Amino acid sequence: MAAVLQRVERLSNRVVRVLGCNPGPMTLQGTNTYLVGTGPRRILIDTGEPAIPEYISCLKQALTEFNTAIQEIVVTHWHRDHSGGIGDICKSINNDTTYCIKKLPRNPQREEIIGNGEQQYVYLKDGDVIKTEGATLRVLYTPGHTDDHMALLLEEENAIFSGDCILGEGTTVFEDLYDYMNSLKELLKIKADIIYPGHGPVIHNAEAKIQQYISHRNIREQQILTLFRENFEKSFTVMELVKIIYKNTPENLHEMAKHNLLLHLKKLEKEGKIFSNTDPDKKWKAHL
């Protein structure tokens, strides 16, 4: 049932997609790296995984086929399927000048090493604009997936490069559900026409997908709150909650359920709906 994506493909007058050639459980058909612009120098969004020689061949084929070169490299987040190929591109895709690699900083800030260590990131900020011939990209800070997660708005198409915030097929993972839901709510306000995700096919129904993503998490949150508000006098452990909430989940997915539940509890805790205690087996309980 998963779509078979081609290694090099012209998606629009301004976007060309090169597959990372790194399929897997977390990357789907591979990392979707994009060449944005209409001129002889284009912006490269993401670089795939480290040491994938097939991607360098595909990237060289796209640049030759579309008679273009890399202007600069923009990385959505630190995950190695988006930032791993930076060193490989610098060494293999010959250029007059060294490449400029832009990214959002880590939150809190951290030293991030590129290649051998002589190359450094140029850090951007929310609302920054990246310009090329025929394309203007506005930087949209979308934390949740990662603390440095950057989505980009292609103004000329009203298109979003969502990175790993929104995927072309299936759902995604995140570190913080509170920031993730807030980023989805912010992307909704852009009212974008198309989403170019970090993995999976192109999304033509942006509003419906983001709303599907919000509803999926909200239904589970409503289930968890109902349990707490119906049993206000009980302090529940994670194991207690997992057995009640994820009753329709098999035992082989216990650790995934436990992890999902904790992401939901940290969101409700941050919102002040539930409080935890300092017990060795941490207990959660409804307040007020």
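Just count from 1 along the sequence shown to find any residue number.
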Comparing mean C-alpha B factor in the record for 47-55 and 65-73, the higher one is 65-73
When mean C-alpha B-factors in the record are compared for 3-11 and 279-287, the larger belongs to 279-287
Of the residues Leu167, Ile93, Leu153, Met181, the one whose Cα carries the largest B-factor in the deposited record is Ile93
Per the deposited entry, the peak Cα B-factor within the set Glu186, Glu207, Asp128, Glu175 goes to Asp128
Of the three thirds of the chain ranked by Cα temperature factor, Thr146 occupies the lowest
By the entry's values, the third containing the CA B factor of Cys100 is the highest
Tertile call for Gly37 (CA temperature factor, within chain, third-based) is the middle
By the entry's values, the third containing the CA B factor of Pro201 is the lowest
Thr27: C-alpha B-factor third of its chain, per the entry, is the lowest
